[PDB]
$ cat run.tsv   # TSV, C-alpha atoms and all ligand atoms
chain	number	residue	atom	x	y	z
A	4	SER	CA	-124.64	311.42	125.35
A	5	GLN	CA	-123.43	310.79	128.99
A	6	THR	CA	-126.06	308.07	130.12
A	7	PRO	CA	-128.79	308.52	132.90
A	8	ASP	CA	-126.51	308.63	136.05
A	9	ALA	CA	-124.40	311.58	134.68
A	10	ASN	CA	-127.50	313.76	133.93
A	11	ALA	CA	-129.19	312.93	137.34
A	12	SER	CA	-129.38	316.09	139.46
A	13	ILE	CA	-130.70	316.96	142.87
A	14	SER	CA	-130.92	320.13	144.93
A	15	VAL	CA	-131.36	320.62	148.65
A	16	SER	CA	-133.25	323.46	150.35
A	17	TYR	CA	-132.74	324.36	153.98
A	18	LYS	CA	-134.43	326.01	157.00
A	19	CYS	CA	-132.45	327.00	160.10
A	20	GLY	CA	-134.22	325.78	163.24
A	21	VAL	CA	-134.78	327.32	166.69
A	22	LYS	CA	-132.23	327.66	169.49
A	23	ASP	CA	-133.13	327.91	173.25
A	24	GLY	CA	-131.18	328.50	176.50
A	25	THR	CA	-129.34	325.14	176.83
A	26	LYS	CA	-127.83	325.73	173.33
A	27	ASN	CA	-126.60	322.11	172.98
A	28	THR	CA	-128.87	321.23	170.06
A	29	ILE	CA	-128.39	322.00	166.38
A	30	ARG	CA	-131.82	322.05	164.64
A	31	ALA	CA	-132.29	322.22	160.91
A	32	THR	CA	-134.73	321.04	158.26
A	33	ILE	CA	-133.85	319.95	154.74
A	34	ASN	CA	-135.85	319.10	151.63
A	35	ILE	CA	-134.30	317.07	148.77
A	36	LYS	CA	-135.62	317.71	145.25
A	37	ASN	CA	-135.07	315.81	141.98
A	38	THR	CA	-134.26	318.57	139.54
A	39	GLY	CA	-133.16	316.26	136.66
A	40	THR	CA	-134.94	314.16	134.06
A	41	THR	CA	-134.52	310.71	135.47
A	42	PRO	CA	-135.72	309.04	138.72
A	43	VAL	CA	-133.24	308.91	141.60
A	44	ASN	CA	-133.29	306.26	144.33
A	45	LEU	CA	-133.10	307.82	147.83
A	46	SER	CA	-130.76	305.06	148.75
A	47	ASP	CA	-128.13	306.50	146.47
A	48	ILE	CA	-128.34	310.03	148.01
A	49	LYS	CA	-126.16	311.30	150.85
A	50	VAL	CA	-126.27	314.77	152.43
A	51	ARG	CA	-123.48	316.36	154.56
A	52	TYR	CA	-123.84	319.09	157.19
A	53	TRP	CA	-120.47	320.56	158.17
A	54	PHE	CA	-119.77	322.14	161.57
A	55	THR	CA	-117.43	322.77	164.41
A	56	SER	CA	-118.30	320.65	167.42
A	57	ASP	CA	-116.81	323.15	169.90
A	58	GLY	CA	-115.28	320.55	172.19
A	59	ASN	CA	-118.17	318.04	172.09
A	60	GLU	CA	-116.77	314.60	171.60
A	61	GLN	CA	-120.27	313.17	171.52
A	62	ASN	CA	-122.57	314.47	168.80
A	63	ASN	CA	-125.70	312.43	168.27
A	64	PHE	CA	-127.91	312.70	165.16
A	65	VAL	CA	-131.65	312.06	165.30
A	66	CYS	CA	-134.21	312.46	162.49
A	67	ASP	CA	-137.56	313.59	163.92
A	68	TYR	CA	-139.82	313.19	160.83
A	69	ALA	CA	-139.86	311.92	157.22
A	70	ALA	CA	-142.89	311.29	155.05
A	71	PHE	CA	-141.58	307.80	154.24
A	72	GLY	CA	-140.74	306.96	157.97
A	73	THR	CA	-137.94	308.14	160.30
A	74	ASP	CA	-136.73	304.63	160.45
A	75	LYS	CA	-135.56	304.98	156.84
A	76	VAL	CA	-133.16	307.92	157.57
A	77	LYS	CA	-129.70	307.22	158.96
A	78	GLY	CA	-127.08	309.63	160.14
A	79	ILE	CA	-123.51	309.28	161.28
A	80	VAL	CA	-121.22	312.01	162.66
A	81	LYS	CA	-117.54	311.86	161.75
A	82	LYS	CA	-114.46	313.86	162.74
A	83	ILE	CA	-112.38	315.55	160.04
A	84	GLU	CA	-108.66	314.89	160.65
A	85	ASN	CA	-107.23	318.01	159.05
A	86	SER	CA	-108.36	321.59	159.62
A	87	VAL	CA	-110.89	323.20	157.42
A	88	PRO	CA	-112.61	326.59	157.85
A	89	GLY	CA	-115.90	326.11	159.67
A	90	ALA	CA	-115.70	322.34	160.10
A	91	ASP	CA	-114.00	319.85	162.28
A	92	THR	CA	-116.98	317.48	162.04
A	93	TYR	CA	-119.62	316.43	159.56
A	94	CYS	CA	-122.95	314.76	159.83
A	95	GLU	CA	-123.69	312.45	156.90
A	96	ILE	CA	-127.34	311.69	156.29
A	97	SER	CA	-128.31	308.64	154.18
A	98	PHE	CA	-131.40	306.55	153.44
A	99	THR	CA	-132.18	302.85	153.56
A	100	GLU	CA	-132.76	300.66	150.53
A	101	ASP	CA	-136.53	300.83	151.00
A	102	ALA	CA	-136.91	304.63	151.45
A	103	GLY	CA	-138.21	304.89	147.85
A	104	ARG	CA	-137.37	306.93	144.77
A	105	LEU	CA	-137.83	310.53	143.68
A	106	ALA	CA	-139.41	311.09	140.32
A	107	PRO	CA	-138.27	314.00	138.22
A	108	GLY	CA	-139.69	317.16	139.81
A	109	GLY	CA	-140.33	315.18	143.04
A	110	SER	CA	-139.18	316.19	146.51
A	111	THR	CA	-139.04	314.64	149.98
A	112	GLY	CA	-140.57	317.65	151.78
A	113	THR	CA	-139.42	318.52	155.27
A	114	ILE	CA	-136.89	316.32	156.96
A	115	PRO	CA	-136.17	317.89	160.37
A	116	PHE	CA	-133.21	316.68	162.35
A	117	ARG	CA	-131.22	317.39	165.51
A	118	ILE	CA	-127.58	317.01	166.40
A	119	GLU	CA	-127.31	316.87	170.15
A	120	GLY	CA	-124.18	317.46	172.23
A	121	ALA	CA	-123.41	317.45	176.01
A	122	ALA	CA	-122.03	320.95	175.90
A	123	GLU	CA	-123.04	324.11	174.20
A	124	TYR	CA	-122.64	324.67	170.41
A	125	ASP	CA	-121.84	328.01	168.93
A	126	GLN	CA	-123.38	327.73	165.47
A	127	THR	CA	-121.90	330.99	164.02
A	128	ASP	CA	-118.61	329.20	163.34
A	129	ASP	CA	-120.20	326.28	161.52
A	130	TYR	CA	-119.70	326.13	157.80
A	131	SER	CA	-123.24	324.85	156.97
A	132	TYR	CA	-125.11	327.24	159.31
A	133	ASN	CA	-127.05	330.09	157.65
A	134	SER	CA	-129.18	332.16	159.96
A	135	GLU	CA	-130.66	334.22	157.17
A	136	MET	CA	-132.77	331.10	156.15
A	137	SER	CA	-134.83	331.12	159.44
A	138	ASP	CA	-138.20	332.19	158.14
A	139	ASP	CA	-138.31	330.28	154.90
A	140	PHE	CA	-136.46	327.50	152.98
A	141	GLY	CA	-133.45	328.75	151.02
A	142	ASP	CA	-130.69	327.60	148.71
A	143	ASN	CA	-127.90	326.81	151.29
A	144	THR	CA	-125.02	325.79	149.09
A	145	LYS	CA	-122.90	325.07	152.13
A	146	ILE	CA	-124.79	321.78	152.63
A	147	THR	CA	-123.59	319.21	150.17
A	148	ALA	CA	-125.42	316.32	148.51
A	149	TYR	CA	-124.11	313.31	146.56
A	150	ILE	CA	-125.55	310.73	144.22
A	151	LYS	CA	-123.57	307.43	144.42
A	152	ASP	CA	-120.80	309.39	146.15
A	153	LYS	CA	-120.44	311.98	143.40
A	154	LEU	CA	-121.00	315.62	144.40
A	155	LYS	CA	-124.21	316.95	142.88
A	156	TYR	CA	-125.16	319.97	145.05
A	157	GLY	CA	-123.24	322.56	147.09
A	158	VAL	CA	-119.58	323.41	147.76
A	159	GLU	CA	-117.59	321.18	150.13
A	160	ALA	CA	-115.82	322.70	153.17
A	161	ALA	CA	-112.39	323.01	151.46
A	162	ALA	CA	-108.96	322.39	153.19
B	201	CA	CA	-119.49	325.41	166.30
B	202	CL	CL	-130.13	299.76	153.96

$ encode --input "run.tsv" --output "structure tokens"
Amino acid sequence: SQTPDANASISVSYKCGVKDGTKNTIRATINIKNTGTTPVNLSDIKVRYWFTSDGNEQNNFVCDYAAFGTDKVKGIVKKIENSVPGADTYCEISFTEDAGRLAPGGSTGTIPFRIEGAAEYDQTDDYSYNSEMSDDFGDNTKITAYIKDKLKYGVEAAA
């Protein structure tokens, strides 16, 4: 019986991006799909990307494209106080109130983003990194996604 907001479901698919010779940029692309039977508002969706910042105290998020406008995508980067395997930092991606809604079976398509540091990142020790998904989008369950702050996709980096 549950009601609409308990049967709402999303999934995220992921593509690892390129790395060059400066190595101070994390690149990745996500796609958010509505896999349930009711419409979801993008403003109720958050996505987290978990990583180790490798000494960088400044980690800046930028969204480079979204079908509905980059100006509708927000990101913040927060430190994690305690120690968890593969993450001392997370990047939390959210959407503004006018980003729109996803119908059932709808998806955002590609949302590429960068996290930029002053110093080099080693991505092999980042929880959310999966280099096997370089050629194609894959089911990276080490990125998590929330609807109204409830976990709906993935497995959280766990103390
Ligand atoms: Ca790292
Ligand atoms: Cl807003």

$ residues_near_ligand --input "run.tsv" --ligand "ligand CA 201 (chain B)" --cutoff "8 Å" --atoms "only C-alpha atoms and all ligand atoms" --output "NGL selection string"
:A and (54-57 or 89-90 or 124-129)

$ residues_around --input "run.tsv" --residues "residue 25 of chain A" --least-positions-apart "3" --cutoff "10 Å" --atoms "all atoms listed in the file" --output "PyMOL selection string"
chain A and resi 22+28+121-124

$ closest_residue --input "run.tsv" --among "A:103, A:13, A:91, A:24" --to "ligand CL 202 (chain B)" --atoms "all atoms listed in the file"
A:103

$ residues_around --input "run.tsv" --residues "segment 68-83 of chain A" --least-positions-apart "2" --cutoff "10 Å" --atoms "only C-alpha atoms" --output "ChimeraX atom specification"
/A:32,34,45-46,49-56,60-66,85-87,90-103,111-116,118

$ closest_residue --input "run.tsv" --among "A:142, A:8, A:47, A:23" --to "ligand CL 202 (chain B)" --atoms "all atoms listed in the file"
A:47

$ atom_distance --input "run.tsv" --atom1 "atom CA of residue 151 of chain A" --atom2 "atom CA of residue 17 of chain A"
21.5 Å

$ residues_near_point --input "run.tsv" --point "(-128.6, 319.0, 147.5)" --cutoff "12 Å" --atoms "only C-alpha atoms" --output "compact mmCIF listing (two decimals) with C-alpha atoms, in the coordinates of the input"
# COMPACT_ATOMS: atom_id res chain seq x y z
CA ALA A 11 -129.19 312.93 137.34
CA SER A 12 -129.38 316.09 139.46
CA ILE A 13 -130.70 316.96 142.87
CA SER A 14 -130.92 320.13 144.93
CA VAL A 15 -131.36 320.62 148.65
CA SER A 16 -133.25 323.46 150.35
CA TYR A 17 -132.74 324.36 153.98
CA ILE A 33 -133.85 319.95 154.74
CA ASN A 34 -135.85 319.10 151.63
CA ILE A 35 -134.30 317.07 148.77
CA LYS A 36 -135.62 317.71 145.25
CA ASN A 37 -135.07 315.81 141.98
CA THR A 38 -134.26 318.57 139.54
CA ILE A 48 -128.34 310.03 148.01
CA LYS A 49 -126.16 311.30 150.85
CA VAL A 50 -126.27 314.77 152.43
CA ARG A 51 -123.48 316.36 154.56
CA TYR A 52 -123.84 319.09 157.19
CA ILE A 96 -127.34 311.69 156.29
CA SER A 110 -139.18 316.19 146.51
CA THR A 111 -139.04 314.64 149.98
CA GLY A 141 -133.45 328.75 151.02
CA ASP A 142 -130.69 327.60 148.71
CA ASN A 143 -127.90 326.81 151.29
CA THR A 144 -125.02 325.79 149.09
CA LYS A 145 -122.90 325.07 152.13
CA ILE A 146 -124.79 321.78 152.63
CA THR A 147 -123.59 319.21 150.17
CA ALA A 148 -125.42 316.32 148.51
CA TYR A 149 -124.11 313.31 146.56
CA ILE A 150 -125.55 310.73 144.22
CA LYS A 153 -120.44 311.98 143.40
CA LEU A 154 -121.00 315.62 144.40
CA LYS A 155 -124.21 316.95 142.88
CA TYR A 156 -125.16 319.97 145.05
CA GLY A 157 -123.24 322.56 147.09
CA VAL A 158 -119.58 323.41 147.76
CA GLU A 159 -117.59 321.18 150.13
